[PDB]
Amino acid sequence: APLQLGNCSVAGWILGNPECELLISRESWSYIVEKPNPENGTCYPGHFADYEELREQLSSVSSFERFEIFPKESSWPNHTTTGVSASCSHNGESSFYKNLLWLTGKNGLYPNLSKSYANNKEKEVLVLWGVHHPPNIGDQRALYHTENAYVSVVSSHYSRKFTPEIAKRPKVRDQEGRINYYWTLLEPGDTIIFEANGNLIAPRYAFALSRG
Amino acid sequence: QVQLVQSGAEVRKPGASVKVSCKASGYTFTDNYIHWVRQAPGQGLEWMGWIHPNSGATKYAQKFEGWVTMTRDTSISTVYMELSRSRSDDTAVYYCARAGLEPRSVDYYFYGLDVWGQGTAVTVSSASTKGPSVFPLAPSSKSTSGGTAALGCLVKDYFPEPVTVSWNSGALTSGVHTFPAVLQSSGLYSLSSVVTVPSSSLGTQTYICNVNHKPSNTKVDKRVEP
Amino acid sequence: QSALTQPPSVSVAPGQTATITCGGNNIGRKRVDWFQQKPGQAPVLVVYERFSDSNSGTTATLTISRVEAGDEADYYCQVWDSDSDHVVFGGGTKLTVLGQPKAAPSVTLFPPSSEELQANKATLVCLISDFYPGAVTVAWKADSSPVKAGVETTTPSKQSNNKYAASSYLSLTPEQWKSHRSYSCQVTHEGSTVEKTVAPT
Ligand SMILES: *[C@@H]1O[C@H](CO)[C@@H](O)[C@H](O)[C@H]1NC(C)=O
Ligand SMILES: *[C@@H]1O[C@H](CO)[C@@H](O)[C@H](O)[C@H]1NC(C)=O
């Protein structure tokens, strides 16, 4: 009972690349059918961490539920949530990954944020997020109002502090900036905490899953 | 609705402070960046920098960094632009503009300048009040145009504006053009008035220009002869 | 001269279509804000069936369909430069809506007056009148050499008969005035150029 990915990569599918939402949703599958060289993946360029490990974790699943870990319109009262890009276009229209939110400043401010989530799903929860590395200082100031930014992510099984490095990368899909993608599996009962003062590409949707 | 109202015209001596204010209304003052842009006489627009009323953060153009200071007062919804050490260079009209045009993408994340103030005219000169010198612009074979001839008067080195010109006490209005003033690098104003007359009237008809400069309480009547 | 490039002037008869181009780095991938400025007034943001916008590579284009009198103005393009965090304006386009017949300027240059010279000063006065459309460039010369100091010029304004006039001044010392064979005021209007000369005789 295989999961057909079509023109998408696991990266495209799991992040919610706009071209990848046309695929039929599944709650279980024995293996993953995926084109050798898939067209749509990370529509916004960046490094996807532990990618091979993640494909293996997702290889076979007995239960799969997408849920809104951090509701878009509720979680972020003092930040702007509408961020979109032509690099992630859908129907000729600038857009973004279904499963992440591009947070930016609001009314001249990007207030320190702290958002936590407790896994009460009784199944492992796959959580994904990103860290944005602007191509220059102008974009850094315009988006986040802060030049010295950090993103911090913590649970019982994950602990990292990220800092953007602002500089040009080779132009890919019309971007010289980058987004690095990260993920963790959260134990039942464990809590994960995100803190940032800029540059967080927040989780919007997460995945409760079983593998056997 | 949404509008920005700036303070009135200013005359300052160089080295003094020039402070221009901008009051916003019709919307929540703390929402948007407020920019300042200036326009020198006869030229285009140059960005000076912005201030965000909510955070108080500022950014100045390289050219103005260290010369200009922007501030805000949320209690009265007013932003200020200040030139601490003013120069003759600084003579211009200054605008404030609200950046309310929201960007549609993070690819180009710049709020556009959607509502401008009316502008404030700032004049910087070291001059005190001075009455004009009036000199004749005499007709000759070089200002004639076969049947018509041009003559005028130069109203030189006065301060401040304005000055009015008439010809033959107002009797002569046909063919008269009085030009606006230039501000000279001296810090004094000059203008000209010119009349086109029949060239047969030269050395027959008398032509007198009358110049009034109320700020110095001066009137000059100057005979213009060939 | 400017970071953004615009054509200096566009003239168009009413009903026709006017096109204004703006050239700049990565312009095609940005929002180019256009500003309309009428005489004596502050700029307003051009917002939008008549007025339409269109980018491409390093070119953004403002198109005004079926031009009306209220469209006549100076237009400035503007973008934000990401790298240096700096707002940049084009040099501007004077858009004239042709509502009267065209006219090359008449030029009248007066030498320093005898009374001024005796007061130990010297001003050459160049009067430019009866022209349309309302833009000219003025240049001065001392014996065929360009002079770019001591010059002040007015921006053109309307005459009683609705045409444009402007003036330009060249300030000298009596010594400078007597030192040259001649001085010239040179006026350019629509390709055509008119030069007037005075000499200390
Ligand atoms: C998938 O991508 C291929 C290769 O570019 C394309 O020809 C095809 O039309 C696409 N089909 C789907 C599933 O959208
Ligand atoms: C999807 O793949 C097609 C085929 O290469 C490409 O043209 C398009 O830019 C991709 N879109 C996204 C959102 O990845």
Side-chain angles (χ1 to χ4, degrees), chain A residues 83 85-87 104-105 108 132-147 164 166-171 174-178, chain B residues 32-39 43-52 57-68 70 95-114 116, chain C residues 1-6 20-35 43 45-46 53 55-62 75-93:
Chain A
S85 180
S87 288
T104 58
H132 179 231
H133 296 245
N136 65 38
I137 309 303
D139 278 2
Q140 180 68 28
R141 286 162 182 160
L143 299 164
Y144 313 117
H145 310 281
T146 175
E147 279 163 78
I166 297 150
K168 299 300 173 68
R169 283 76 160 176
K171 202 174 221 169
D174 207 44
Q175 314 292 345
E176 295 175 313
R178 289 295 186 264
Chain B
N32 299 118
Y33 293 103
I34 300 272
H35 295 62
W36 287 86
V37 344
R38 79 167 189 196
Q39 183 175 43
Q43 288 165 286
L45 309 172
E46 64 182 353
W47 180 67
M48 295 177 70
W50 55 253
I51 183 170
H52 204 294
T58 65
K59 169 76 175 60
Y60 305 126
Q62 225 78 343
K63 158 178 216 174
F64 302 101
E65 173 76 52
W67 292 99
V68 76
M70 300 168 191
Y95 308 100
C96 65
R98 175 244 238 184
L101 188 63
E102 293 177 350
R104 291 285 140 236
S105 169
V106 301
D107 297 340
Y108 185 64
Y109 209 73
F110 169 76
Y111 283 79
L113 279 50
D114 64 352
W116 295 53
Chain C
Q1 315 160 331
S2 302
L4 300 179
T5 297
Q6 302 182 243
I20 303 183
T21 56
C22 183
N25 198 99
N26 204 35
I27 246 188
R29 293 295 307 127
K30 296 174 164 190
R31 204 217 323 122
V32 175
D33 304 317
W34 295 84
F35 293 102
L45 170 71
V46 172
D53 210 23
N55 309 9
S56 168
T58 53
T59 298
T61 295
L62 177 68
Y75 287 88
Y76 295 89
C77 64
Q78 180 268 323
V79 298
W80 171 58
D81 183 280
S82 225
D83 297 292
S84 66
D85 201 17
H86 181 248
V87 173
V88 298
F89 286 95
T93 295

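Each chain gets a letter, A, B and so on, in the order its sequence line appears, and its residues count up from 1.
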Find the distance between CE (B:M70) and SG (B:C96) and round it off to the nearest 0.5 Å. 10.5 Å
Between A:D174 and A:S87: side-chain donor-acceptor atoms closer than 3.5 Å: no
Hey, is the main chain of A:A86 close enough, under 3.5 Å, to the side chain of B:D107 for a donor-acceptor pair? yes
Are the side chains of C:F89 and C:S2 in touch, meaning some heavy atoms are under 4.5 Å apart? no
Backbone N/O of C:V87 and side chain of C:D81: donor-acceptor pair under 3.5 Å: no
Heavy-atom side-chain contact between B:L101 and C:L45 under 4.5 Å: yes
Side chain B:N32, main chain B:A99, donor-acceptor under 3.5 Å: yes
Looking at C:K30 and C:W80, would you say the former's side chain and the latter's main chain have a donor-acceptor pair under 3.5 Å? yes
Tell me whether A:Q140 contacts the main-chain N or O of A:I166 through its side chain, where contact means a donor paired with an acceptor under 3.5 Å. no
For the atom pair CD (B:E46) and CZ (B:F64), what is the distance rounded to the nearest 0.5 Å? 4.0 Å
Going from NZ on B:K59 to CH2 on B:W47, what distance comes out if it is rounded to the nearest 0.5 angstrom? 4.0 Å
At what distance, to the nearest 0.5 angstrom, does CG of B:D114 lie from CD of B:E102? 9.5 Å
Can you check whether C:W34 reaches C:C22 side chain to side chain, under 4.5 Å on heavy atoms? yes
Determine whether the aromatic ring centres of B:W116 and C:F35 lie less than 6.0 Å apart. yes
Would you check, one step at a time, whether the test side-chain hydrogen bond (donor to acceptor under 3.5 Å, both in side chains) holds for A:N136 with A:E176? CA-CA 9 Å; A:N136 65 38; A:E176 295 175 313; over 6 Å; no
With a 3.5 Å distance limit and no angle check, can you tell me whether A:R141 reaches the backbone of A:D139 through a side-chain donor-acceptor pair? no
Can you find a pair of side-chain heavy atoms, one from B:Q39 and one from B:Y95, that are under 4.5 Å apart? yes
Tell me the closest heavy-atom pair linking C:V79 and C:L4, and the distance in Å. N-CD1, 3.8 Å
Quick one: sort the B:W50 and B:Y33 rings into parallel, tilted or perpendicular, breaks at 30° and 60°. perpendicular
Minimum-distance pair of heavy atoms, taken over all atoms of A:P164 and A:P134: CB-CD, 4.4 Å
Spacing of CH2 belonging to B:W36 relative to CE belonging to B:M48, to within rounding of 0.5 Å: 8.0 Å
C:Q6 side chain to C:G92 main-chain N or O, any donor-acceptor pair under 3.5 Å? yes
Taking the side chain as every heavy atom from C-beta outward, state whether A:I137 and C:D85 have any pair of such atoms under 4.5 Å apart. no
Closest non-hydrogen contact found for B:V106 with A:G83 is CG1-CA, 3.8 Å
In this structure, OH of B:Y109 is separated from CZ of C:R31 (nearest 0.5 Å) by 11.5 Å
